[PDB]
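Working notes for the structure below.
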Amino acid sequence: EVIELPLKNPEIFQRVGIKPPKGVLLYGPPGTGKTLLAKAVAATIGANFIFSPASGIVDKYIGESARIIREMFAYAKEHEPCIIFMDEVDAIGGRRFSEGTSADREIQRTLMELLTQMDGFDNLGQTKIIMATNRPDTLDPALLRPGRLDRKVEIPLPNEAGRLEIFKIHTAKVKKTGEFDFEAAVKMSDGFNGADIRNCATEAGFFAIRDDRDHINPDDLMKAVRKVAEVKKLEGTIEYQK
Amino acid sequence: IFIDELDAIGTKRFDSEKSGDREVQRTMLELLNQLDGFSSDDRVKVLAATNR
Amino acid sequence: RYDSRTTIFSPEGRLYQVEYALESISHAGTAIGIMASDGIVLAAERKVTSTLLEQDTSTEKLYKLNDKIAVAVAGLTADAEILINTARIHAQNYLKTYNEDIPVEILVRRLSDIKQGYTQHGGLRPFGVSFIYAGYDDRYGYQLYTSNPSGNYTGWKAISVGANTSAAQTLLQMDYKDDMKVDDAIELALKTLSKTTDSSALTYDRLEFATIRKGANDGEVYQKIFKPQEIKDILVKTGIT
Amino acid sequence: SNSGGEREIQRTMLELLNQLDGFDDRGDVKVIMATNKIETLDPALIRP
Amino acid sequence: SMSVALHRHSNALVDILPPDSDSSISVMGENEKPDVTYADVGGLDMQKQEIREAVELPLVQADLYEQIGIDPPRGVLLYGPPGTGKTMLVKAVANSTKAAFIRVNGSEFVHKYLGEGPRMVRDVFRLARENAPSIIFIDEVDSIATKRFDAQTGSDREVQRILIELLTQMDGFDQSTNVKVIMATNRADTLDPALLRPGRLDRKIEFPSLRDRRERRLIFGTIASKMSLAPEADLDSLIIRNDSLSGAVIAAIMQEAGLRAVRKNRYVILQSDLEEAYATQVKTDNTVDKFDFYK
Amino acid sequence: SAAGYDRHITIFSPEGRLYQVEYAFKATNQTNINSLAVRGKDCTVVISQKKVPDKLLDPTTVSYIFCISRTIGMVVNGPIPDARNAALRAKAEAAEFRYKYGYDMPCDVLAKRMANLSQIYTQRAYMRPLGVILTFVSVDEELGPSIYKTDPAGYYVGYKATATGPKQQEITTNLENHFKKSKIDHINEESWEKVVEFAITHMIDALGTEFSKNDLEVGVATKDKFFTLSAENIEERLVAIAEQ
Amino acid sequence: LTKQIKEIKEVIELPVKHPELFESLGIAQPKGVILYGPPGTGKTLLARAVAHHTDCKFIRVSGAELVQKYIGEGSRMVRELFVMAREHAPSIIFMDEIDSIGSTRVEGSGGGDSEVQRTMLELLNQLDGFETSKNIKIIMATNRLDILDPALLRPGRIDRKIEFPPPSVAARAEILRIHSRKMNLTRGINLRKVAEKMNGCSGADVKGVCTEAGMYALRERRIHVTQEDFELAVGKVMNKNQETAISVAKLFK
Amino acid sequence: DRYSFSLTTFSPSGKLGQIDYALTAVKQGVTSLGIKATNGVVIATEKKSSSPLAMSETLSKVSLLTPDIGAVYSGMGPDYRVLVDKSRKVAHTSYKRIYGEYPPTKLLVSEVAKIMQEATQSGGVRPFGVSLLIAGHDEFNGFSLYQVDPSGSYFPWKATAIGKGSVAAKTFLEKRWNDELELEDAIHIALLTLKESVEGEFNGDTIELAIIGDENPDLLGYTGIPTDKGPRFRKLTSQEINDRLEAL
Amino acid sequence: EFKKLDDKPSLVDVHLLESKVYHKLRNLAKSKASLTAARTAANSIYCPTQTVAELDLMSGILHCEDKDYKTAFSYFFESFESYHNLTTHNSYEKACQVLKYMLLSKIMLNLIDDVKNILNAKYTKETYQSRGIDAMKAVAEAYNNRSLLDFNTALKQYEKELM
Ligand SMILES: Nc1ncnc2c1ncn2[C@@H]1O[C@H](COP(=O)(O)OP(=O)(O)OP(=O)(O)O)[C@@H](O)[C@H]1O
Ligand SMILES: Nc1ncnc2c1ncn2[C@@H]1O[C@H](COP(=O)(O)OP(=O)(O)OP(=O)(O)O)[C@@H](O)[C@H]1O
Ligand SMILES: Nc1ncnc2c1ncn2[C@@H]1O[C@H](COP(=O)(O)OP(=O)(O)O)[C@@H](O)[C@H]1O
Ligand SMILES: [Mg+2]
Ligand SMILES: [Mg+2]
Ligand SMILES: [Mg+2]
């Protein structure tokens, strides 16, 4: 709604008499498919893609972040329609600082020049910004109120029947005899991310290749989901975030 | 291929001064893509080592 | 740093805790005690004032610890509270035991010992409170003291603690005369308090006052707190209001 | 702490200690080092 | 001392140039403002009347200031929580003064070398003189100015050096036909209150976020302008229920309502669409979830 | 962030928050059970999940509902060490009170004192918070059906009905729908059996998960007695619902 | 700020107009002044007034030196401070460095601190000199002494420290007098009122009320500035300070 | 800092960061206020429940310590109830053994305050999480009102507020307070001031309002002895509250 | 006599009375002055409700003649709220005048979308219904249609309300 329609047709918003909605905050847990979902919308339009970590511009060299965002937006203007994907705003998250060590103060600089750059000043034509982050809990108020922004999308853990659809995509790729045991599988696969479901297909197929069959059978899918569930909580702490 | 310490040709942190080891880091991705130049990665496999 | 506890000294053998505790006194308002031949006047300053604040139920920096010796208070008030009570109890312990009222020097000595004792042993905090003791005993007649938050005392004919200590001290001693009338003692207090204080209009509600006399009601040490309506008058004589 | 001088102090000091000792241990060219303290210099100089 | 042309082979002076080129740009975007509907004339006019008397008025008319015999004004400070329109107030006035608007940003002046940033700062004040009357604006002072001075690293001292340079020129030793520098911050805690200081920088205007129904009515008068909503849907029922909302929340409200119109494939916004908006992009409702032992 | 703070309970943050205490509101979901307590008009029911995940354990012993005293039940959500430990204090204060004052201790007074004791454990820094939610149920000898939930900080408030555990939000929503829709503050049955049945139904609705007698344990406080239903007693109830 | 006008005349003008008198009567010569106190007191403008009457060079050096590179570097323009001061003597140099750098680098040591340490320290060498004194009147300005670095602070290679006061009732009145002539003179005389009402915390407050009052008259479109204009004008500026500290009587010791 | 893990050492700038942070903790709490009259005291606070299922009807936030001395809080909810428990016991000790009945308002305030002082007096114990307002009546000093801070200091006031909306309530009270106010009139100021705190959730049943007024020999619990005075404290009911909010 | 005793709500009104006196003598330079005089001195805004309703009305009348009619409307609405939600003892008379004035400013802007918002059965055709309201809407529609002939018919019968 926010990105794809006004870029493709500005015209329908001219009729409604409002300005186009710009700005989305996407937040959720790692391996929840935030890159997937951001990438997906743009790819339809044919729009150019810019993936900039916000911790790869923080050096000890002060003003190193400022300089990099400056050129980044100006290139995007030529590569219109374009959506810049600001990956992590939790590495430049928060407002307080402006004191102590020079890294703390590097955050404010990055933030303060961006505010105008959103705001249209400057001027986002057929450029739109999609913001991705792990932590909306530590975010700047200036860069996270309304009117930076039109929809706050909370993306939880993949749904009870959302994981079922992820199993459909992955189980399509492989050669199999036809399997109908995902019903029990998805129930085993509670609290999992699409990254761990991805792993489960690959694992389920490694067992087939160890047993010397080129086919994914129901016996091996069951193994994948038990073993991943174990090794997921062993090296995890079951992290709590919004 | 056996690739030694990744604590110096592709640090996570950029609070290390690097400008050419920055470019080594970008080439480490290109290698993984090229192992799909035979399908999968079976023929040309990569092992890698890091100490942190 | 070596400010972690009282036990530990710096290279130079000073203790930072003592230093902080001195500075605590001057972050609460000016307090001035003047001794004169004909009485010792105490006057203090209100660090608080809100428009809905009341201060007519009590003086928050003046307590009588005995019927002959009273103290004006400078420092944090919670810290103050504990000690005001310890001193007054010790005073009457003397009265119970000897059937006469406590001499000034003992009373001060007791509280500086307790305060030092908190530095000398244990984990307990030092308690930064400076009391100006104004008393009468047959040893040296009127006597005006103050106690350090460093835990020792010094005799006086005038002393100022609380905010603007330097400012109060020179001004008081410039207009000091060895004799001094109790009316002039009052007049002086108000004049030095206005200059120090950043509230331009020194009103009676910014003032605490007592005058202590054995020259009034002879054979009897009599400490008398002025009421607001009396404080209100003297301000018009000094021409503030 | 940025740039433009990461090298200069490091080369310059080291190079000073070297040609003082390398003369020979002479008592005919004296040096005088005037300094605020040894806490603004390195903890070993060149070193008694 | 200024820029000049030398010929390439003679290596001798044959022509002269303005000093206005060979420096950094006078206006980062277009000289005339983008918004020509305005949301500054429509939106907080009251607050804007203060800003204009200091900024537009002395450059248009000298005669006005003369009459009292008072000299041109001191600097202007914009502060108040985000979503108060300070980025848009400053340029809405400037365009209608017919100044040409320095901005640049004070985030430019930061640099990774040494001694070059304070140089940029000195460069901007002279430059503003060369095209004066002009309205001088620095977009942030939230990082130029500080809570605590520091210099543990050299990189803290750089910040501190830019701070110094602002003030030193914002006396002016060669006067200004400009209004003195306009500045913007979010709060006054990232200002040194010692060093800004009336004198200097004297007009200080706090924009409210708490508002009154009059302040918010203006924001709607702007929205009624751009999309004149049906005579059936009531614009004024939305106002009465607002009690504590920013001009940025209001901006989103109208954005979200006419997004639901694109969805329904209409061409009008209705009072339903407003109520849907009224619920949402408000946040909170999460401080009751497990907490009740801090009440 | 962290700079001391969270390592202690006598250290406040800039915000005045005591962080370590908040960690016990995260430590009480560590058993993964969920509880439901509901009120009728002659009983309070309290129901918690029964996880017997290894058949190497005896399904009997498993429970977190403990009889504290004649008239008082309690459900524990969160850790087994802290379950027993809180039960010790509760059992003991209930007995001491009985003998001090000669008369039984109400749901509210047991709830009140447990919290204060916990508060003193937050005031001092040789103790720590017991990271459990305790939900006491009794039918009062003077105020009838009651539920008091005690939180690990030591807040206490009464309730009409309540839910606890990780999956609390869905149960909150169900229970809101129920009392709102009736416009009365209680379940309307005067047969305690159908209230236990009704409690069961709500619980299946809210969670989305059908149950078995190996996945429930049920406590029932009625006026002047308490009893925990055995597995075959629950079982009877489930076959009333499934075919009414 | 009368106290200050009298001092800076005795200290700066007398050794330059006649060096013979100061050496005959006293001994040595002062190396300069360290001006400190509240900001807003017009140290700089006062010092510019000194530079004009003595018939001395100016320059004024704004901030730390690194900034000029158009020929050479700013590290060596400190060395050239000597060469320039001497040839074009008689000079006054108003060397600036407010020291909002702070007390952090008064202790320090470490960081990029060594360059600005050098600029400040080597400047020091040229004045006192190793023979010859280039100029005797290089002049320091700063807000406090605790933020001032100790080589420079330590007297007897920099001389004289003069502290500006937050203005008296008397001072406020005299600052108020000179600008109000330029403005409009109130009928009934209410120039007396202003100084009674409040005493600023700096001399920038006294000037800032004057520019503000004639602002009030302007908006109404009236040439003269009344009693009334001054009454709003003192109030608006007082209100700013009062904001700051207000919760120091509720939830306080 | 390095004085804000310490419950012991002052700063060179005075006090503890821990007290200052305690004052913050107070300000996270709900808005409470009390207004003094010439024939009464009204006391008002708000109730939120964080679930409509919750029943904070049983909870009290305006709580009688003695029949002649009530109190409220702003700050941590558990810390209040214990500190109150101890207040009553210390109250029985200190003057219900001297006069054999409930203390003056002045006597109880300083003693309650003494309890706060002990949790600051000793390191390793944090101050109590709450600041109280204590209003009562005695005959030697009349109607009175107080704030008792966790610092161990206490202040007498005409009207005051504490809690989150404190700074707005404080200004309200200044103007609208008069040299003479009736009991009804403080009740009327109080409601308007509390409605600033929350709107769309404001009804007088979620608002707890009680008084310290005149003797009540109806809620005394005995009768036929006129040579005694009944409780100066009274809780007004939900309906009576509703009446005042209907009137406004 | 009482500038050395100014802090009263009494003399906020006295400054409002100058706006009225100077409004009628037909000079608005010195009404706008005394309007600011009342407002600054009415930073005691928790002093009585009536004072605050007069203050908004006076502001509106001036800005209405400043020819700012969106500003005119906002103060006018605010004056209205005061009367309607305050108790009635004379406030009924004042409420009616302000409803005409709301209509007055909006017709100048030549917007009939919002005039029609103001016309409703909850206070404009129910609690207050008056001949002067009907005069106003008759003018409004007449303005928009751009027929002076519709203006002419209206004014003859509604002159009383007008004047
Ligand atoms: N003067 C104004 N009053 C009301 N609303 C305004 C005004 N100017 C612009 N707006 C609306 O408010 C929105 C947000 O305001 P804007 O981004 O200009 O804020 P700011 O306070 O300068 O922000 P920041 O602190 O992020 O720099 C704009 O997108 C516009 O719709
Ligand atoms: N004594 C005075 N007589 C008249 N004007 C004064 C006086 N002192 C200060 N002012 C005025 O106050 C304003 C602020 O002073 P100025 O900026 O010159 O200060 P400074 O203390 O030298 O500053 P910095 O620390 O930024 O170097 C000026 O407008 C100046 O003209
Ligand atoms: N919801 C999902 N649907 C499909 N694949 C998923 C999903 N979520 C994650 N993945 C898989 O996990 C991998 C890594 O997750 P990524 O898309 O990089 O996430 P994030 O941006 O949340 O950190 C993806 O490349 C994809 O294989
Ligand atoms: Mg990603
Ligand atoms: Mg902005
Ligand atoms: Mg200066």
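Letters A, B, ... go to the chains of the structure tokens in the order shown; residues in each chain start at 1; ligands are counted from 1 in the same order.
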Practice task
Would you list the contacts of residue 131 in chain H as a PyMOL selection string, taking every protein, DNA or RNA residue within 8 Å and counting only C-alpha atoms, but skipping same-chain residues closer than 6 positions in sequence?
Solution key: chain H and resi 26+73-75+147-150+162
Contacts of range 38-52 of chain C at 7 Å (only C-alpha atoms; same-chain gap of 3+ positions) as a PDB file with N, CA and C atoms, in the first residue's frame:
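What follows is the written file result-v8.pdb:
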ATOM      1  N   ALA C  28      23.095  24.590  50.931  1.00  0.00           N
ATOM      2  CA  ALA C  28      21.944  24.971  51.611  1.00  0.00           C
ATOM      3  C   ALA C  28      22.245  26.316  52.224  1.00  0.00           C
ATOM      4  N   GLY C  29      21.181  27.124  52.462  1.00  0.00           N
ATOM      5  CA  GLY C  29      21.333  28.517  52.575  1.00  0.00           C
ATOM      6  C   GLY C  29      22.155  28.993  53.724  1.00  0.00           C
ATOM      7  N   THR C  30      22.543  30.311  53.614  1.00  0.00           N
ATOM      8  CA  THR C  30      23.351  31.025  54.552  1.00  0.00           C
ATOM      9  C   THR C  30      22.746  30.921  55.964  1.00  0.00           C
ATOM     10  N   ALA C  31      23.611  30.828  56.961  1.00  0.00           N
ATOM     11  CA  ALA C  31      23.279  30.790  58.323  1.00  0.00           C
ATOM     12  C   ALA C  31      24.359  31.592  58.989  1.00  0.00           C
ATOM     13  N   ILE C  32      23.946  32.415  59.939  1.00  0.00           N
ATOM     14  CA  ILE C  32      24.720  33.403  60.558  1.00  0.00           C
ATOM     15  C   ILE C  32      24.264  33.396  61.932  1.00  0.00           C
ATOM     16  N   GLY C  33      25.316  33.297  62.790  1.00  0.00           N
ATOM     17  CA  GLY C  33      25.249  33.512  64.176  1.00  0.00           C
ATOM     18  C   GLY C  33      26.210  34.527  64.552  1.00  0.00           C
ATOM     19  N   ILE C  34      25.767  35.542  65.287  1.00  0.00           N
ATOM     20  CA  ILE C  34      26.456  36.632  65.860  1.00  0.00           C
ATOM     21  C   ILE C  34      26.349  36.573  67.351  1.00  0.00           C
ATOM     22  N   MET C  35      27.494  36.607  68.094  1.00  0.00           N
ATOM     23  CA  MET C  35      27.479  36.854  69.483  1.00  0.00           C
ATOM     24  C   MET C  35      27.716  38.374  69.710  1.00  0.00           C
ATOM     25  N   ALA C 134      24.636  27.969  70.209  1.00  0.00           N
ATOM     26  CA  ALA C 134      24.661  29.209  70.937  1.00  0.00           C
ATOM     27  C   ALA C 134      24.007  28.871  72.272  1.00  0.00           C
ATOM     28  N   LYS C 181      25.410  45.854  70.416  1.00  0.00           N
ATOM     29  CA  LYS C 181      24.060  45.862  70.971  1.00  0.00           C
ATOM     30  C   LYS C 181      23.356  44.804  70.236  1.00  0.00           C
ATOM     31  N   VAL C 182      22.428  44.139  70.997  1.00  0.00           N
ATOM     32  CA  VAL C 182      21.548  43.039  70.546  1.00  0.00           C
ATOM     33  C   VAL C 182      20.645  43.543  69.405  1.00  0.00           C
ATOM     34  N   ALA C 185      22.801  43.735  66.393  1.00  0.00           N
ATOM     35  CA  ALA C 185      23.118  42.367  66.098  1.00  0.00           C
ATOM     36  C   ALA C 185      22.057  41.833  65.159  1.00  0.00           C
ATOM     37  N   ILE C 186      20.809  42.124  65.534  1.00  0.00           N
ATOM     38  CA  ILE C 186      19.638  41.801  64.646  1.00  0.00           C
ATOM     39  C   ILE C 186      19.692  42.507  63.269  1.00  0.00           C
ATOM     40  N   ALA C 189      22.333  41.193  60.988  1.00  0.00           N
ATOM     41  CA  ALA C 189      22.041  39.935  60.412  1.00  0.00           C
ATOM     42  C   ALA C 189      21.230  40.014  59.130  1.00  0.00           C
ATOM     43  N   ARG C 206      11.431  34.180  54.540  1.00  0.00           N
ATOM     44  CA  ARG C 206      12.742  33.713  54.054  1.00  0.00           C
ATOM     45  C   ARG C 206      13.713  33.713  55.202  1.00  0.00           C
ATOM     46  N   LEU C 207      13.198  34.166  56.375  1.00  0.00           N
ATOM     47  CA  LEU C 207      13.938  34.326  57.584  1.00  0.00           C
ATOM     48  C   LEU C 207      13.442  33.363  58.678  1.00  0.00           C
ATOM     49  N   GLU C 208      14.454  32.818  59.475  1.00  0.00           N
ATOM     50  CA  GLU C 208      14.253  32.118  60.731  1.00  0.00           C
ATOM     51  C   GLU C 208      14.975  33.027  61.728  1.00  0.00           C
ATOM     52  N   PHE C 209      14.577  33.180  63.019  1.00  0.00           N
ATOM     53  CA  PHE C 209      15.221  34.114  63.916  1.00  0.00           C
ATOM     54  C   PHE C 209      14.896  33.665  65.271  1.00  0.00           C
ATOM     55  N   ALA C 210      15.915  33.828  66.151  1.00  0.00           N
ATOM     56  CA  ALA C 210      15.865  33.692  67.527  1.00  0.00           C
ATOM     57  C   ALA C 210      16.906  34.624  68.069  1.00  0.00           C
ATOM     58  N   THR C 211      16.586  35.130  69.254  1.00  0.00           N
ATOM     59  CA  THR C 211      17.587  35.874  70.003  1.00  0.00           C
ATOM     60  C   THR C 211      17.587  35.225  71.381  1.00  0.00           C
ATOM     61  N   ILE C 212      18.749  35.050  71.989  1.00  0.00           N
ATOM     62  CA  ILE C 212      19.041  34.362  73.163  1.00  0.00           C
ATOM     63  C   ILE C 212      19.598  35.281  74.126  1.00  0.00           C
ATOM     64  N   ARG C 213      18.954  35.542  75.321  1.00  0.00           N
ATOM     65  CA  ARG C 213      19.465  36.548  76.229  1.00  0.00           C
ATOM     66  C   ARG C 213      19.340  36.092  77.655  1.00  0.00           C
ATOM     67  N   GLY C 215      20.343  38.759  79.484  1.00  0.00           N
ATOM     68  CA  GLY C 215      20.274  40.139  79.909  1.00  0.00           C
ATOM     69  C   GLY C 215      18.831  40.510  79.888  1.00  0.00           C
TER      70      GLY C 215
ATOM     71  N   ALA G 249      12.468  22.978  45.318  1.00  0.00           N
ATOM     72  CA  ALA G 249      11.665  23.211  46.494  1.00  0.00           C
ATOM     73  C   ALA G 249      10.572  22.203  46.524  1.00  0.00           C
TER      74      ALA G 249
ATOM     75  N   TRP H 157       2.396  22.068  53.798  1.00  0.00           N
ATOM     76  CA  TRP H 157       1.961  22.750  52.631  1.00  0.00           C
ATOM     77  C   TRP H 157       0.481  23.065  52.824  1.00  0.00           C
ATOM     78  N   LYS H 158       0.052  24.186  52.154  1.00  0.00           N
ATOM     79  CA  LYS H 158      -1.246  24.547  51.934  1.00  0.00           C
ATOM     80  C   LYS H 158      -2.010  23.628  50.992  1.00  0.00           C
ATOM     81  N   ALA H 159      -1.438  23.429  49.756  1.00  0.00           N
ATOM     82  CA  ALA H 159      -1.892  22.354  48.790  1.00  0.00           C
ATOM     83  C   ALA H 159      -0.685  21.920  48.008  1.00  0.00           C
ATOM     84  N   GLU H 174      -2.345  26.657  42.714  1.00  0.00           N
ATOM     85  CA  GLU H 174      -1.990  27.937  43.199  1.00  0.00           C
ATOM     86  C   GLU H 174      -3.100  28.961  43.046  1.00  0.00           C
TER      87      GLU H 174
END
Practice task
Extract, using only C-alpha atoms, all DNA, RNA and protein residues at most 7 Å from residue 55 in chain H, discarding same-chain residues fewer than 2 positions from it, and format them as number ranges by chain.
Solution key: F: 157-160; H: 53, 57-58
Practice task
Restrict the distance test to only C-alpha atoms, flag each residue of chain E within 10 Å of chain F, and return the flagged residues as a list in words.
Solution key: residues 289, 290, 291, 292, 293, 294 and 295 of chain E
Exercise for the section: Enumerate as a ChimeraX atom specification the residues within 10 Å of ligand 4, counting only C-alpha atoms and all ligand atoms. Expected result: /A:29-39,51,53,85-88,132-134
For those residues, write N, CA, C and O atoms to a file as a compact mmCIF listing (two decimals), in the first residue's frame.
# COMPACT_ATOMS: atom_id res chain seq x y z
N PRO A 29 12.17 -10.43 14.83
CA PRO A 29 13.31 -11.09 15.31
C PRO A 29 14.19 -11.46 14.07
O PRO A 29 13.51 -11.72 13.07
N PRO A 30 15.55 -11.46 14.02
CA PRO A 30 16.33 -12.11 13.01
C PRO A 30 15.85 -13.44 12.42
O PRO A 30 15.40 -14.26 13.22
N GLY A 31 15.85 -13.60 11.11
CA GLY A 31 15.43 -14.82 10.41
C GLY A 31 13.87 -14.76 10.33
O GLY A 31 13.22 -15.74 10.03
N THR A 32 13.26 -13.52 10.44
CA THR A 32 11.83 -13.37 10.36
C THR A 32 11.41 -12.97 8.94
O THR A 32 10.23 -12.99 8.56
N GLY A 33 12.45 -12.72 8.06
CA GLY A 33 12.27 -12.41 6.65
C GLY A 33 12.08 -11.03 6.31
O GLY A 33 11.35 -10.69 5.36
N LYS A 34 12.75 -10.09 7.10
CA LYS A 34 12.55 -8.67 6.90
C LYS A 34 13.28 -8.23 5.66
O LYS A 34 12.77 -7.31 4.99
N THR A 35 14.39 -8.77 5.33
CA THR A 35 15.10 -8.49 4.08
C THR A 35 14.26 -8.94 2.86
O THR A 35 14.27 -8.38 1.81
N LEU A 36 13.63 -10.18 3.05
CA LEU A 36 12.79 -10.83 2.04
C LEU A 36 11.64 -10.03 1.53
O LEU A 36 11.29 -10.01 0.34
N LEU A 37 11.05 -9.29 2.49
CA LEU A 37 9.74 -8.68 2.44
C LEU A 37 10.00 -7.29 1.92
O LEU A 37 9.28 -6.84 1.01
N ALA A 38 11.06 -6.67 2.37
CA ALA A 38 11.49 -5.33 1.88
C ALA A 38 11.89 -5.40 0.45
O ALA A 38 11.51 -4.55 -0.38
N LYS A 39 12.70 -6.48 0.04
CA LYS A 39 13.27 -6.76 -1.25
C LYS A 39 12.21 -7.02 -2.27
O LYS A 39 12.23 -6.47 -3.40
N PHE A 51 21.26 -1.73 0.12
CA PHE A 51 21.31 -2.34 1.39
C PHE A 51 22.55 -1.82 2.07
O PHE A 51 23.63 -2.23 1.71
N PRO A 53 24.23 -1.31 5.75
CA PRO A 53 24.32 -1.51 7.23
C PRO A 53 24.65 -0.11 7.82
O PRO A 53 25.30 0.65 7.11
N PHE A 85 17.09 0.55 1.74
CA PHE A 85 16.87 -0.29 2.82
C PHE A 85 17.99 0.03 3.80
O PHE A 85 19.19 -0.26 3.58
N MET A 86 17.63 0.70 4.88
CA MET A 86 18.35 1.01 6.03
C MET A 86 18.22 -0.23 6.94
O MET A 86 17.26 -0.40 7.67
N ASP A 87 19.24 -1.07 6.94
CA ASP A 87 19.30 -2.32 7.64
C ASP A 87 19.92 -2.00 8.92
O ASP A 87 21.05 -1.48 8.90
N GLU A 88 19.24 -2.26 10.06
CA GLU A 88 19.63 -1.84 11.40
C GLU A 88 19.63 -0.28 11.58
O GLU A 88 20.41 0.47 10.95
N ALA A 132 14.29 -1.00 8.44
CA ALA A 132 14.39 -2.27 9.09
C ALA A 132 15.21 -2.17 10.28
O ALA A 132 16.19 -1.37 10.27
N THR A 133 14.82 -2.92 11.36
CA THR A 133 15.51 -2.78 12.63
C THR A 133 15.18 -3.97 13.51
O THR A 133 14.12 -4.49 13.28
N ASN A 134 16.04 -4.33 14.50
CA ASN A 134 15.82 -5.37 15.44
C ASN A 134 15.16 -4.77 16.65
O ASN A 134 14.53 -5.54 17.43
